[PDB]
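Residue-level structural notes
Each chain, letter by letter, is given below.
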Amino acid sequence: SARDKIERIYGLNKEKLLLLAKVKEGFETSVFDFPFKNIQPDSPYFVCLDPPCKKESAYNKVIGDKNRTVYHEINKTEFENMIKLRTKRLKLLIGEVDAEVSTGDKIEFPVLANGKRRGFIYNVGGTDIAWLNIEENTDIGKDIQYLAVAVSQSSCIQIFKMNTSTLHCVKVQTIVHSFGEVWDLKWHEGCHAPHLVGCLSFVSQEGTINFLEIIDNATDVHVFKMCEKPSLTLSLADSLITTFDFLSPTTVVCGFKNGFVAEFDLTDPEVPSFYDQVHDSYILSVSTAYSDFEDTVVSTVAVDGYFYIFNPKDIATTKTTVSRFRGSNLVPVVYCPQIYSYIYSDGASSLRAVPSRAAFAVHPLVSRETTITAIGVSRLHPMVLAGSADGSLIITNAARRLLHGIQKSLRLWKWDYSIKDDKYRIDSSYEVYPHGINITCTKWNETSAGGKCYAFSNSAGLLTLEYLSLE
Amino acid sequence: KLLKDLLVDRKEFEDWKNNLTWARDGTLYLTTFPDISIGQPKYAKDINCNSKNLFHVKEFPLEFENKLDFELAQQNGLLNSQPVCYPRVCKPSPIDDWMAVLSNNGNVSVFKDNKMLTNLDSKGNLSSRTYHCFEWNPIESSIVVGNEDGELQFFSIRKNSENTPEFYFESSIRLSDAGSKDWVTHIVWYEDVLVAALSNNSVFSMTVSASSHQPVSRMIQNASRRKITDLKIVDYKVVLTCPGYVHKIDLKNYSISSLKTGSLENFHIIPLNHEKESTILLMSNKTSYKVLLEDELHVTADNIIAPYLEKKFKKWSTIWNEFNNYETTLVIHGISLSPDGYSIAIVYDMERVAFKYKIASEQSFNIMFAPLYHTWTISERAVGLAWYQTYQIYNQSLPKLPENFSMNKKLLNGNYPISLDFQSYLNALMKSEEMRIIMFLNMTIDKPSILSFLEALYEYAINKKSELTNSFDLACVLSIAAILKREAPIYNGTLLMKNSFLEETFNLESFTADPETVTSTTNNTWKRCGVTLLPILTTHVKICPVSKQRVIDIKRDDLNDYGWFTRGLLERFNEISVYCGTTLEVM
């Protein structure tokens, strides 16, 4: 079973292979669900591959001294003729229960049926959430975690404090930017110091990636702040940034509306370390492939249809084509670190993983019927969440023949609009695979505490969160 | 004014990386995907100013082998990630007829035409053995690679196993410290001094020279996050580009001077070597200008290209008919100087708004050819048609030429080194300045002559009269003596010549009767060899593409017993035309 497929794909190096030994064994059972035990540090199978933007703890080098973000006018009525997000109440149907949620309300699972699942469906101003993001963290937050939610209507960012073991939660801050639609949303994680939250990153439809300090201790449960000046704004005149990933705690990669890719230094912005053309046009996403055993490497897919992996040390000599698609408007890509592979869709309806050191070993994961809209992976486990345009979340285990080398995968949820009623349905219902619905982003909590939590929004504005099991 | 642009139809490039080179003998090379594309140098007495008639463009398929083939990817990892081998960069030898290609898998292989010669390899590691850049020795016949250790490995030649070139590892230099794996990403090798760069953008220089000297290297620039765009070297002055900067480094005195660019979009340097004025041309997609390389960098504009380019690019404003109803940019896919450095070739493309991909084969380019000066010369750095190209690109201007040189004036000023062995004696002539000028001018005139050469030949033979005892040699010098209207040795045999299937005998007389043909004993008249002046009895000839003179192919002549003189000629001029020094084509 998989002895020199794994050698072919990953090389020798008795260490890395032992990391892969722990992954194969740990989760080889986990068809659609993994034991919680396997995510705890003390587990003999615990494998946890932090992202590049930890490992240094940045902050003082990047946000430093006087770059700091800005003021806060609540007033709520202020907020309202400023981000008109409501009127209505969306008609819902969970299992067989009719509910009628307006914005800011939620339905909590532990008072639903048997009341055995943990988790909620929340109705963010719906419509829609651009991107969201569970900021991995355990450092004076016993079972408490924060998760950010980007929302558009000029449009803003909501911030949720939440419990890991009950999946209670409150909305703690509503920050109004005028950055328009915001995506590739992710927390730095190298930002800390005391004096509340961590600090948070994203690309905006204004073409700049910017960072902002998220800060406000419980002397006021929920505030309405007006971010008026980000702490950092990576920008390049006459080009527009469309995607970014971290490379280190102090550098980023990004792509541009024009096909160029750049490397930026957060200790020193404006002047990008390189700026070279990589694609023919608009770059839809770029993700970093960090490994403790190879030069870290970057992947990149565009409206041109192509999908390359290269090494920034010298793109010219490393540029490798994984494949070329029929050129979607959306091809989301993430790096799943336990298998060292990128997980991406083509244009249409098939997830694939490709190891970053083996562009030839594309493994198809799932492929069904509808343009895959988003996907989420983890540092802790090899499971992939994946939400289609038909409003459906799919789980699945990487460890295809990816650590198996001789089946595929199930749906956890399925949204549905009415055919006139106004009734949105979710279906808890089990089913295995051999508008104002769909799914806009899905992400794992990635901490040993809430490792089995995930969130997923649909365009309708219904953000739901669950703790994974057997219902 | 300007030659008509060359259409390169239905090719594509892997990147915007500079895929154009211009070889000594006049050949264009484009590193296109998946095959190299070649612009074969062609001769036409007349071109209605269409560079179409100077290069015919063709697919140049090659057979890359992976030395790392059966090796599992390691520290790089992106290594054998793409199995199928294709070309990344390509640089023809500045000296020999010969060319090396870095492949996508870090192999640097050397080629004669298409046949691979040797695929450069050495020591061990793998890190040691996979490469990211190579430079040719501009002075003798060697090559350098840069590897993933931050190391330069040098390869020399002969070795042989009978006259087949063949390279081998010769020496190395470490550039980064041991506990590090930044790679060598640039090597420019100029004259007597070599400069290379590493992944961390630190830059080194040395003198590789009297080889017994284990060459001392010196760092000329710290490591930096600023990625080195392009690196070249102008009379002992190193020039870098950046994102938004150009830096200059005087090796001559050790001092750095650098200027912003505004553009911040990386872009390439073209040295203007004939300036006696340390000048360069920075050029980008967007704009471009001159920079004088005094202590202060100075921007003067001219550009002598951009006038032409933006003229062409404004004319294209009909296919977007004036106004921003669309969004246009000029794309450069490569730039390269002439081997002699007198002209410039630019591969470019011009497009619009948001594109509609348009599959692989489907997509064309243009190569623009433009003169960089008002006068030129027959440089030793180009041969054959490469000269002709410059001639054409310079609107039919004759090149400079020394005073009191004339086309019937003696080789080596008449001072013929007849004491030399025959083969050295021919080299001696070929290198001569007069031979070069004559060769080029022969491409200009109606009736190529080689008299000045023939006389040198004759003075050689005559010197050794008692050694012309071979009848082919005889018939040959007799013929020469006739053309030169000069006292021949007497003689009294006939000559018998063959081909695969037939023989014709010739009276030694009848080699004097006529300059163009000889007639046989059986009264069949044949054309003459043109290196040898011997009879042509055989399909198996080579042809000079300019003069159309046909030369005997000795490598296909088992049958006929050529003497020292006559053979030594046919061997020596088996591949190069004496008339114009272009390479002969098998017919």
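Residues numbered from 1 in each chain as written, not as in the entry; some residues may be left out. Chains lettered and ligands numbered in written order. Heavy atoms only, no water. Residues with missing side-chain atoms left out of burial classes, pairs and counts.

- This deposited entry lists X-ray crystallography as its structure determination method and 3.20 Å as its resolution.

Some remarks on the interface of chain B and chain A
- In this assembly, 36 residues from chain B lie in contact with 43 residues from chain A.
- Around 3400 Å² of area is buried between chain B and chain A when both sides are counted, 53% of it from carbon and sulfur atoms.
- On the chain B side of the contact with chain A, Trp16(B), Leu78(B) and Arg225(B) bury the most area, a combined 21% of that side's loss.
- Between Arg225(B) and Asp268(A) there is a salt bridge, with its nearest N and O atoms 3.1 Å apart.
- Linking chain B with chain A are 14 residue pairs in polar contact, by the criterion used here. (Contact = heavy atoms within 4.5 Å. Buried area = accessible area lost by both parts, 1.4 Å probe. Salt bridge = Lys/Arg side-chain N within 4 Å of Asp/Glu carboxyl O. Polar contact = N/O pair within 3.5 Å; in protein donor to acceptor, adjacent residues only side chain to side chain.)

Re the packing of helix α5 (residues 451–463) of chain B against helix α7 (residues 564–572) of chain B
All names here are of chain B.
- Close contact between α5 and α7 brings their axes to 11 Å; oriented N to C, the two are set at 145°. Two packed elements cross with a definite hand, and for α5 against α7 that hand is right-handed. Residues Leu457, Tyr460 and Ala461 of α5 touch α7, and the partners they reach there are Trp564, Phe565 and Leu569. (Axes fitted to C-alpha atoms, helices over the stretch in contact; angles between N-to-C directions. Helix = DSSP H or I, 4+ residues; strand = E, 2+ residues; numbered from the N terminus. Left-handed = near helix turned anticlockwise from the far one by under 90°.)

Concerning the environment of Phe472(B)
Residue and element names in this part refer to chain B.
- Among the structural elements, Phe472 can be located in helix α6 (residues 471–483).
- Counting along the chain gives 237 residues from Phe472 to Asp235, while the straight-line C-alpha distance between them is 51 Å.
- Setting aside residues up to four positions removed in sequence, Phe472 forms contacts with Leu495, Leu496, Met497, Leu534, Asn560, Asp561, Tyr562 and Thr566.

Points about the side chain of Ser418(A)
- Here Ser418(A) is to be found in the loop between β29 (411–414) and β30 (423–426).
- In terms of polar contacts, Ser418(A) uses its side chain to reach the backbone amide nitrogen of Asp421(A), at 2.6 Å.

Re the sheet that holds strand β25 (residues 363–367) of chain A
Residues and elements named next belong to chain A.
- In spatial order, the strands read β22-β23-β24-β25; together these four strands make up an open sheet with antiparallel pairing. The open sheet has two edge strands, β22 (333–336) and β25, and neither has a second partner. Within the sheet, the average angular offset between the axes of one strand and its neighbour, ignoring direction, is 25°. (Pairing = 2+ DSSP bridges.)

What about the sheet that holds strand β35 (residues 585–586) of chain B?
Residue and element names in this part refer to chain B.
- Taken in spatial order, the three strands make up an open sheet running β34-β33-β35, and their pairing is antiparallel. Looking at which strands have only one partner, the edges of the open sheet turn out to be β34 (550–552) and β35.
- Of the strand pairs in this sheet, strand β33 (residues 541–543) and β34 are connected by three bridges, and their pairing is antiparallel. From the neighbouring strand, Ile543 faces β34, where its bridge partner is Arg550.

Here's the deal with the state of the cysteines
- Applying the stated criterion across every chain yields a total of one disulfide over all chains.
- At a sulfur-sulfur separation of 2.1 Å, the disulfide partner of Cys191(A) is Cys199(A). Note on the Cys191(A) and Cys199(A) pair: the S-S dihedral is about 50°, so by sign convention the disulfide is right-handed. Taken as a pair, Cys191(A) and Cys199(A) share a single burial class, namely buried.
- Not engaged in a disulfide, the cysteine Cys254(A) finds its nearest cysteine sulfur in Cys53(A); these two sulfurs lie 16 Å apart.
- Overall, the relative accessible area of 0% leaves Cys254(A) in the buried class.
- A disulfide-free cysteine, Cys529(B) has its sulfur positioned 8.1 Å from the sulfur of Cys476(B), the nearest such atom.
- On the basis of relative accessibility, which here comes to 0%, the residue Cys529(B) falls in the buried class. (Disulfide = S-S within 2.5 Å. Buried < 20%, exposed > 50% of the residue type's maximum accessible area, 1.4 Å probe, protein only.)

Description of the domain arrangement of chain B
Residue and element names in this part refer to chain B.
- As far as domains go, chain B holds domain 1 (1–397) and domain 2 (398–587).
- Here domain 1 and domain 2 have C-alpha centroids that lie 39 Å from each other.
- Taken together, the contact between domain 1 and domain 2 spans 17 residues of the former and 18 residues of the latter.
- Across the domain 1 to domain 2 interface the summed buried area is about 1500 Å²; carbon plus sulfur atoms make up 67%.
- When residues of domain 1 are sorted by the area they lose upon contact with domain 2, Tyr43, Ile378 and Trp387 head the list and together hold 35% of the total.
- Connecting domain 1 to domain 2 are three salt bridges.
- Salt-bridge contacts for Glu380 lead to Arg436; the nearest nitrogen and oxygen are separated by 4.0 Å.
- Remark: the boundary between domain 1 and domain 2 carries three residue pairs in polar contact.
- At four residues, helix α2 (residues 385–393) tops the list of elements feeding residues into the side of domain 1 that touches domain 2. (Domains from an automatic or database assignment.)

Topic: helix α4 (residues 433–441) of chain B
Residue and element names in this part refer to chain B.
- Of all the nine residues making up α4, eight are buried; the element is thus mostly covered by neighbouring parts of the structure.
- Within α4 the residues assigned to the buried category are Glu434, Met435, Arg436, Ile437, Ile438, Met439, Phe440 and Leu441.
- Residues of α4 that are buried make contact with α2, α3 (422–431) and α5.

Digging into the nonpolar core
- Judged by nonpolar contacts, the single largest core of 108 residues is most densely connected at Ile346(B), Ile367(B) and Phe453(B).
- Broken down by element, this core gets its largest block of residues, eight residues, from α6(B).
- The two domains that each donate at least three residues to this core are domain 1 (1–397) and domain 2 (398–587) of chain B.
- Aside from chain neighbours lying at most four places away, what touches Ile346(B) is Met283(B), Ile305(B), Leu309(B), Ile332(B), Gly334(B), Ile335(B), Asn366(B), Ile367(B) and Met368(B).
- Listed in part, the 77 residues of the second largest apolar core include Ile309(A), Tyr340(A), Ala353(A) and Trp444(A). (Core = buried A, V, L, I, M, F, W, Y, C linked by side-chain atoms within 4.5 Å.)

Re the pairing of strand β30 (residues 502–507) of chain B
All names here are of chain B.
- Taken together, the six bridges between strand β29 (residues 494–499) and β30 define a ladder with antiparallel strand orientation. Each residue of the ladder has a partner; that of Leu495, found in β30, is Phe506.
- Linking β29 to β30, which pair antiparallel, is a turn of two residues.

Overview of the pairing of strand β20 (residues 306–310) of chain A
All names here are of chain A.
- Of all five residues in β20, four are buried; the element is thus mostly enclosed.
- Across four bridges, the pairing between strand β19 (residues 297–302) and β20 is antiparallel. Bridging from a neighbouring strand, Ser299 pairs with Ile309 of β20.
- Turn length for the β19-β20 hairpin, with the two strands adjacent in sequence and antiparallel, is three residues, and the turn residue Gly305 shows positive phi of about 100°.
- Pairing geometry for β20 and strand β21 (residues 320–324), over four bridges, is antiparallel. Bridge pairing in β21 links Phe307 to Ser323.

A word on unusual backbone geometry
- Following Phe33(B), the chain continues into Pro34(B) via a peptide bond in cis, with omega recorded as 0°.
- Within the secondary structure, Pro34(B) sits in the loop between β3 (28–31) and β4 (36–41).
- Positive phi, close to 45°, is recorded for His195(A), a residue that is not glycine.
- Relative accessible area serves as the criterion here: at 39%, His195(A) is assigned to the partly exposed category.
- The phi dihedral of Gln396(B) is positive, around 75°, even though this residue is not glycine.
- Within the secondary structure, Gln396(B) is located in the loop between α2 and α3.

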